[PDB]
Every structure is written in C-alpha cells, then in structure tokens.
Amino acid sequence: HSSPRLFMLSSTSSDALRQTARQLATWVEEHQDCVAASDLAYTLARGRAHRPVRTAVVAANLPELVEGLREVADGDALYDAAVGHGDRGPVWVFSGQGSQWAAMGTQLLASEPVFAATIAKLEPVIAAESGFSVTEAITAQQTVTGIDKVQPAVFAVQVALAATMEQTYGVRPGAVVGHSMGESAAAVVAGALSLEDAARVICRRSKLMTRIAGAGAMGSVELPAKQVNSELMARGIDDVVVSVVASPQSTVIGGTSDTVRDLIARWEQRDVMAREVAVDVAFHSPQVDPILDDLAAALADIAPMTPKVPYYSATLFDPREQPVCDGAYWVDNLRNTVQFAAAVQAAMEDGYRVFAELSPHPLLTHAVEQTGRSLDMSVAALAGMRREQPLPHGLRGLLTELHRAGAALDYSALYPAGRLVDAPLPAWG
C-alpha cells in the first residue's frame, strides 16, 4: 500500500489543469489522514471522466502527491491535448530489423512478469527452430548480430511488449500495422497466426536469408516513391528498385551495393536528405528471389486464421484487405515493396489517431508523423521503448503516454478495486 501510484488529473487547458492540481492539493492536504492513497488513485482514474488536457503525478504517499500536484500548479508547462477520444484503442506499430540493442530485454524480464512469461513460451521454440537461446541473446552484454539471431530476438521483444500491454495494463489494440518482419508480431497480436507459428515464420525466413547475406544494399531518401521511380527509369537503372514506401515524403531503395551508394551520394549533392541503411541483404527487391521457393516450402505447414483485430497490411495492394497469413503471404511480405505509408494512411482515414511502436527502439515514429501531417491530422506516434532507456517501473510510462494521448484502455486493469472518494469535481469549464 506504500508503493508508488499513478494519480490521473485532467482538464480543458494547461491553466485549468494547474487550477485543478492546486484545488486537489489543498483537498489532499486537508484530508490526508482520512483518505487512502489507493482509493484516491482509483477515484481519479475510474471515477472521473478524462478531459482533453491530461497529466498524471506519481507518488508513494499523500504528502508526496501534494508536492507533485503543487509542482504542476506552480509551473508553466504546456500540456498537449489528447488526439484520441477514448473510443478507439492504440494502433500497435511493429517495425523491422535495426531496433536491437545490448541487453534490451534485461529490465523488462525483471520488471514485467508477462514479458518474462512470453519470452519463456518462445524460448524452446526459437531454440528448436534457430538453435540459440533468445533469453541469452536479449540479456547479453553485446547486441544480437546475424540475421538468423536478430529477427527472432526483435520479434520476441515485440510480442512480449504487446502481451504485457494487454495482460498487465488492459490496453487492447484498436488495430495493428507491421513493416517487413514486423508483420509476424502484427499477425500474432491480430490473431492471424499463433505465437508459435509466427515464431516459426520469423526463424525459418531468417535462416534462409543467411544464404544471401552480403548481396545488395539499401538507402533511405526523403523523396516520394513516384519521384524515386521516375529517376530510376530516367537513369536506365534496373538493378535498384523502391523497396519501402514509408511516408508520402520518404522512400527506401534496394538493389546492387554500388548503384545504391551512388544514388545516395547524388541525392545528398542536390541537398536531399539521403542515408545508407545497414543491411546484409537488399530485401523487397529481386535480390531475395533465389530463396523464395525454399521459403514457401518451409512455411507450407503454417496455419493462418482470420484476424480478430483490424490488420493494416503493408504487403497487400489494399491495406484494408484482411490477410491470409499463409506461406505465400510471407514470401510476398519479403519480396513485395513495404507499403507502410498506405497502411498508416488507411488506419488514419478510418479514424485511428494514437500509434505506439512496440519495438526495442523507434524506427517508424517519424514516418507515422509525416503521414498524419500530410492528411492534416493531429496524431500521436509513441515509442514503446528506447535504446538504453531505464525502465524501473516497466511499461507503466507507456501506459501513461497512451492515456495522455487519448487511447481507449481498460482502467480496471491498472486500478482493479477501491472506493469512490468525495474528491473535488472541477466545474465544467
């Protein structure tokens, strides 16, 4: 009962939120000997209709909360308004490779039991399929390397993050969007594949890709894909193609190593933001053609299911179409262009405004923001975790940011029981 709690506080403006903080601090200070911290936290979260401008104060005791509330009330912070209306859940974004960092899973294995349980389920599957310990990989002092180790390790973090958010924090996703290998975690979370079949997909596909390691390169350019394709055709280039369409202004090309690096050098000379992407294989190009028949054969036993959650496909030519996640889908997922911008745009057109990337480090937050900006919409693109970020209280911070942003969530998961206290009710203004 003397453990730190999250006290939610909301209003219609930053000034009104400070007035509510001051009014609450005066009340808590006067009634601290009568009110239990658990009851007041329960009342603020489940007994109040959350207003547009939100915040939360963390405190282990009522005098600590009066300090935090008075700190808010005295300050001059600008509290951003929620972009969601609490009607739709968050859209989980599952990015590709490149998010991995050394001992990325250590703090979450200790602080989040559902993260540890999910990693325990995957441990024997990844061991049987890829021949390594995923727990050793995500807790080692050196970052996981080798496509056959990276993909199962990043997928394992992605799925353990989503299970923790739903099981511990009562956050059911409104929709899922995957990018490249991110689609295996998107399929588990959407109910299209079982945890095990999705692990099999990511294990098998990464083992086959080791055969073509070193063949080709990739590059990111801040130009729309129609423009990039026009330039490739104009220059007579057939060895480099558009591999990813990330945003209405961003494109990833892939193909032979020299031509990709030549194009990046040329774009930078025209003051166009261009960067080589660190890759062993040039995916979503003809470089992956040799291993596609073997992949189809490896995934012939994978059992797809009808998605239970809206699944915005970056593989299909219509993201609103619901995937049949069979072996053919995973072959197309590796070979076809990642139509990530089209998938994000479809979700935004359908009303989703809160996006959270469940990955070891954010790779597609800027892409999501760029699509929102193009549609003239106010969206939130959150990061589930960041490289070397302390997580002493697990994912409680991400829950707070989802709440502040206006994502629909089950408040009875974080505040399961308590008493409605006669705490002040600020006027409607």
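Start at 1 and count along the sequence shown; that's the residue number.
Chemist: Mean CA B-factor: is it higher for 61-69 or for 41-49?
Modeler: It is 61-69.
Chemist: Can you tell me which stretch has the higher mean Cα B-factor, 70-78 or 340-348?
Modeler: Stretch with the greater average CA B-factor: 70-78.
Chemist: Tell me which of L358, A187, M104, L263 tops the list for C-alpha B factor in the record.
Modeler: Highest CA B-factor of the listed options: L263.
Chemist: From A36, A383, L395, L402, can you pick the one with the highest C-alpha B factor in the entry?
Modeler: Comparing C-alpha B-factors across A36, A383, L395, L402, the top value belongs to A36.
Chemist: Select lowest, middle or highest to describe the third in which the CA B-factor of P90 falls within its chain in this entry.
Modeler: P90: CA B-factor falls in the lowest third of its chain.
Chemist: Can you tell me which third, lowest, middle or highest, the CA B-factor of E222 falls into for its chain?
Modeler: Highest third, going by the recorded CA B-factors of the chain.
Chemist: So where's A137 on the chain's Cα temperature factor ranking, which third?
Modeler: Answer is middle: the recorded C-alpha B-factor places it there.
Chemist: Splitting the chain's C-alpha B-factors into thirds, which one does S194 fall into?
Modeler: CA B-factor rank for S194: middle third.
Chemist: Give the position of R200 by CA B-factor within its chain, expressed as the lowest, middle or highest third.
Modeler: Its C-alpha B-factor belongs to the lowest third of this chain's values.
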